[PDB]
């Protein structure tokens, strides 16, 4: 179930978030914890291409080896709040599963600055969803969450101590593939 209307950041700077670069997930929290694994690697690139907001996603489960990339076109609901389609692709952008009606995620940027962000997303696949997921992002894959993003976590009535870190997984990313997916 999707249960939260996530509040976008006051003064959100869209151009700085959607600048073409990679954001690494450093910490995450699902409100239905059994919906996601306890060990995981994820990253995204976010930018504008051909006049549209785009994200490219990467997921990797280091226990099962499941690996997948996605390309998304984001439509604007309001500043910092988006509805994204998705197509599953290989690292080279070859579509494995096309954009499909009712395959979408919502995406809200709750906080962002030059180095860090806090987002909310709820994923829909037909009549099922994967629950409310929060993620702390950083421009540096290893970086400890700083005071400002932690203040944003608390101001959303969340406890940072409940987030799961991706650090122990020593994740590695294909940054060229991921960023280049923005034009796919």
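Positions refer to the first chain, counted from 1.
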**Item:** Residue range whose averaged C-alpha B-factor is higher in the record, 32-40 or 117-125
**Value:** 32-40
**Message:** If you average the CA temperature factors as listed in the entry, which stretch comes out higher, 150-158 or 126-134?
**Reply:** 126-134
**Message:** Using the temperature factors of the C-alpha atoms in this entry, rank residue 26 within its chain: lowest, middle or highest third.
**Reply:** lowest
**Prompt:** Lowest, middle or highest third of the chain for the C-alpha temperature factor of residue 55?
**Reply:** lowest
**Lowest, middle or highest third - CA B-factor, residue 184** = highest
**residue 87 by Cα B-factor - lowest, middle or highest third of the modelled chain** = middle
**Item:** residue 106 - which third its CA temperature factor falls in, relative to the rest of the chain
**Value:** lowest
